[PDB]
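For reference, the structure discussed in these notes is given below.
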Ligand code: HEM
Ligand code: HEM
Ligand SMILES: Cc1cc(N)nc(C[C@@H]2CNC[C@@H]2OCCN[C@@H]2C[C@H]2c2cccc(Cl)c2)c1
Ligand SMILES: Cc1cc(N)nc(C[C@@H]2CNC[C@@H]2OCCN[C@@H]2C[C@H]2c2cccc(Cl)c2)c1
Ligand SMILES: C[C@H](O)[C@H](O)[C@H]1CNc2nc(N)[nH]c(=O)c2N1
Ligand SMILES: C[C@H](O)[C@H](O)[C@H]1CNc2nc(N)[nH]c(=O)c2N1
Ligand SMILES: [Zn+2]
């Protein structure tokens with residue numbers, strides 16, 4: 001019933017009892033594990049709502065109190081009459097923090113309790129979405145001293161289309177498909193880049209052109225808004241000892257801000273609820289810059305370092321990947337922008353596992369996403385068994401709206 | 001596509017569907033409520049059905065399915081189990097089965113080599129002394145003076161009410177771990193327990209960081225007996241670095257032959273409790289796990305100090321730079337000594353080819369993502385971007401609880 005969870009570096013054992021509170025099935029069966037896949041009525045809404053109100057009142061130590069009983073009554077009265085209901089701002093706040101807490105793929109969960117929640121449920125136009133988005137960015141960025149934040153737009157409603165941000169992140173770089181099928185800029189964004197142009201954006205021709213936002217209010221065509229350049233904090237990349245590196249013209253933006261995920265609380269769904277923390281450096285250094293279907297710079301750097309490229313066993317890839325990561329950390333530290341390296345992040349994550357063992361008897365965790373993409377077994381999370389499962393409130397992936 | 005898992009490669013965009021998982025006859029540890037994919041360790045009725053299935057497998061593989069010889073073999077297996085409670089494999093069935101157990105092993109990145117396995121049949125073995133002889137022969141053949149050859153030696157199967165053949169060591173070649181005065185370990189902390197066992201059965205211990213352990217070999221219903229391997233049989237590689245001249249001065253070394261000895265090989269419900277097998281190393285196992293794991297030789301900090309790195313802060317990436325150079329030293333040194341080794345890039349490229357071969361041959365390939373992705377430079381290798389489906393096929397290698 002309750003799985004045994006062993007750390008292989010230390011010999012210690014815990015039992016995860018939290019996984020019994022999971023009420024949604026994941027992709028695995030006893031026949032086959034699918035853990036490595038990235039994407040494998042009123043009475044039901046009513047029990048999800050009840051369960052969530054139960055979680056909220058218990059979080060403020062007021063289970064069973066008058067306020068608790070009466071709030072369950074309001075929920076039932078609203079659902080019975082209308083087929084839906086609405087959260088109080090205090091509940092939205094709690095539910096957002098909890099969705100972060102519950103997110104198995106996030107290594108930054110030590111911070112879960114410290115989240116600025118902007119309530120944007122009074123948004124009625126793409127124009128007003130844009131203003132709220134600009135304020136989020138400004139607040140979150142904070143001149144380099146990054147602060148976690150989420151802005152929550154109006155929930156899904158049975159009668160109509162969703163509020164949606166077409167971009168997968170608030171800040172991403174354009175990818176321009178070229179005459180010969182090569183790409184200038186970020187290959188991951190060729191499509192969204194092509195949508196912006198078709199909606200009348202004038203494109204740059206750089207490797208690092210910040211995309212405009214395509215914002216959609218219900219049942220409307222999306223609308224194009226250019227972010228004012230001074231709101232978008234960026235970090236030029238240079239290397240502590242390798243002088244030519246700065247001349248690569250490389251850079252990355254300060255604010256990692258995910259804008260394509262659906263936030264589910266109490267059975268209510270928030271299709272537009274962008275959120276942001278700060279980067280762990282290996283995502284820029286290793287994945288964005290070195291993935292072969294991304295900026296793919298490993299080979300260029302290796303040659304700059306005069307390494308022997310002809311053979312895999314000179315470990316030229318590993319060597320360049322390391323320097324690129326070092327350059328990311330150095331450059332962020334120099335521009336005084338918050339960032340965490342994979343060693344510090346994974347150590348904080350182990351502390352989080354321990355806090356959650358005590359607080360709730362387990363912590364859902366996706367080993368393949370937690371373990372960084374370089375130096376896996378050099379971090380303590382490599383040696384740590386993890387149980388993965390879905391708790392609610394939750395963040396969920398949603399496919400591109402086009 | 002159909003009702004079978006969709007499997008995507010995020011680097012290339014390509015898609016396949018795993019249909020082989022349909023053939024899985026054994027439950028793993030995951031359920032719809034929770035994934036346990038990351039845990040290391042999670043009778044006449046039964047035997048005959050497992051045997052029938054394996055015999056069907058063997059006959060498919062020789063293209064004689066439904067034939068007279070197929071039906072006759074099935075009838076011979078039922079009759080054997082009918083009067084003895086067990087049955088015995090033909091020589092060629094054993095060879096097929098041992099290859100298929102390797103092919104089926106989800107944690108092995110070396111499976112491109114699966115069809116090329118020397119299978120030594122040692123089902124006649126009747127003493128610990130004879131196991132020692134067979135093992136020495138395996139080591140000589142497999143090592144082949146540095147030009148390593150995949151091989152497995154299969155000792156007699158488990159029998160009704162008679163003790164097992166067991167190799168107590170987890171590998172044929174491992175270094176001792178000596179528990180010290182101050183609670184620190186000299187040698188390999190992984191082997192502290194087996195070392196104390198060898199001392200208790202009469203071994204005179206050394207006191208180095210790299211003393212080869214003797215073998216503790218158990219024949220049916222006997223205490224294990226101790227056998228020291230002649231040192232000329234155990235090929236080792238002293239470690240040096242191509243540009244950092246002081247690295248050789250560290251006196252680090254590793255052995256050439258990775259030879260696992262505590263796994264159970266299961267074939268058609270028959271259980272081979274002693275069946276040690278060997279390949280060649282993927283370098284990151286020595287360079288990263290054996291030498292840098294905090295709970296193993298743990299040398300990262302010493303090497304970073306020699307490299308003059310800032311070990312007082314995580315953001316210098318001193319761990320990452322040191323691990324890269326140790327991995328490089330391992331590759332260079334093996335290449336110098338002319339001992340077969342494969343780097344994590346070449347291994348993972350070759351496993352991607354294997355996945356494509358098996359997609360065509362069998363419609364999928366059971367694979368354990370957490371084990372296949374290497375412990376340094378994960379996303380620099382193609383396997384990081386490849387979804388994998390994990391399930392248990394038989395014939396299989398199963399982990400065995402230590403006999404002590
Ligand atoms: C405060 C600093 C934070 C750090 C250092 C951090 C770290 C990370 C990392 C490295 C990932 C994997 C990224 C990838 O490979 O795509 C991730 C995933 C994720 N994080 Fe965080 N995180 C932070 C804050 C937040 C916040 C504020 C939230 C939500 C309120 C959040 C929710 C999530 C979710 C839902 C995922 C999975 C995203 C997906 O499926 O694409 N994290 N985190
Ligand atoms: C031919 C060269 C080979 C290479 C490069 C190779 C590579 C590897 C590696 C790197 C591992 C993970 C080891 C660990 O982290 O503990 C492994 C596991 C494994 N391989 Fe291979 N392998 C080879 C040959 C073999 C052979 C000949 C067999 C059996 C016939 C085999 C069966 C296995 C099994 C059963 C495991 C899992 C062991 C465990 O769970 O502890 N492999 N392989
Ligand atoms: C198909 C698909 C499914 C899912 N679940 N995620 C994705 C997004 C895929 C999954 N890894 C790459 C791509 O995301 C890049 C964005 N990463 C977040 C910026 C980093 C981040 C870092 C620190 C804090 C925060 Cl809040 C966020 C795609
Ligand atoms: C509790 C436990 C369970 C399992 N399944 N395996 C182990 C052994 C644990 C799991 N990873 C570390 C430890 O093995 C180190 C030795 N690995 C074999 C040398 C490598 C190898 C390499 C190439 C070819 C071959 Cl035939 C074999 C322990
Ligand atoms: C196929 C595999 O699951 C996929 O490449 C995952 C692996 N681990 C990851 N880990 C993080 N943090 N982010 C990712 O995008 C991925 N990709
Ligand atoms: C907890 C985790 O499953 C464990 O440390 C695994 C991860 N991946 C591994 N992969 C390989 N090849 N060998 C191992 O020993 C491990 N250890
Ligand atoms: Zn699973």
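Here the Cβ is made from the backbone with ideal geometry for all residues, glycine too, and neighbour counts use every protein chain on show. The values are calculated or read from the model by the stated rules, or taken from the named source; no laboratory read-out is quoted.
Tabulated results
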item	result
Where residue A:298 falls short, out of the listed (1) crowded, with 20+ Cβ neighbours inside 10 Å; (2) under 17 Å from the mean Cα position of the chain (by Cα); (3) not assigned by CATH to the domain that holds residue A:47	(2)
Selected residue (criterion: farthest from residue A:167 (Cα to Cα)) from residues of region A:211-234 that are buried (at least 18 other Cβ atoms within 10 Å of the Cβ) and within 20 Å of the chain's Cα centre (by Cα)	A:233
Filter pass, residue B:339 being assigned by CATH to the domain that holds residue B:292, in a loop (DSSP other than H, G, I, E, B) and within 14 Å of ligand 2 (Cβ to nearest atom)	yes
Failed item in (1) within 16 Å of ligand 7 (Cβ to nearest atom); (2) more than 21 Å from the chain's Cα centre (by Cα); (3) buried (at least 18 other Cβ atoms within 10 Å of the Cβ), with residue A:37 passing the rest	(2)
Within region A:1-52, considering residues that are in a strand (DSSP E or B) and in contact with a helix residue (DSSP H, G or I) (Cβ under 7 Å, 6 or more places away or on another chain), the one nearest to the other protein chains (Cβ to nearest Cβ)	A:7
Test: residue A:394 is on the phi < 0 side of the Ramachandran plot, more than 8 Å from chain B (Cβ to nearest Cβ) and surrounded by fewer than 21 Cβ atoms within 10 Å (Cβ to Cβ)	yes
Qualifying residue in region A:64-78 (condition: part of a loop (DSSP other than H, G, I, E, B), more than 23 Å from residue A:362 (Cβ to Cβ) and within 14 Å of chain B (Cβ to nearest Cβ))	no
Count of region B:3-56 residues which are under 16 Å from residue B:386 (Cβ atoms) and within 16 Å of ligand 1 (Cβ to nearest atom)	3
Residues of region B:369-404 that turn out to be within 16 Å of ligand 3 (Cβ to nearest atom) and more than 18 Å from residue B:103 (Cα to Cα), as a count	7
Count of region A:204-243 residues which are under 21 Å from residue A:401 (Cβ atoms) and part of a loop (DSSP other than H, G, I, E, B)	10
Checklist (1) within 19 Å of the chain's Cα centre (by Cα); (2) over 30 Å from residue B:22 (Cβ atoms); (3) surrounded by fewer than 21 Cβ atoms within 10 Å (Cβ to Cβ) applied to residue B:112, failing item	(2)
Residue among A:354, A:300, A:306 that alone is out of contact with any helix residue (DSSP H, G or I) (no Cβ under 7 Å at 6 or more places or on another chain), more than 10 Å from every other protein chain (Cβ to nearest Cβ) and closer than 30 Å to residue A:17 by Cα	A:354
Single residue of A:387, A:347 found to be away from ligand 1 (no atom under 12 Å from the Cβ) and surrounded by fewer than 23 Cβ atoms within 10 Å (Cβ to Cβ)	A:347
Of all residues making up region A:284-297, the number that are facing chain B (nearest Cβ under 10 Å) and assigned to a helix (DSSP H, G or I)	4
Selection within region B:41-52 - exposed (fewer than 15 other Cβ atoms within 10 Å of the Cβ) and either more than 25 Å from the chain's Cα centre (by Cα) or within 14 Å of ligand 7 (Cβ to nearest atom) (or both)	B:42, B:43, B:44, B:45, B:46, B:49
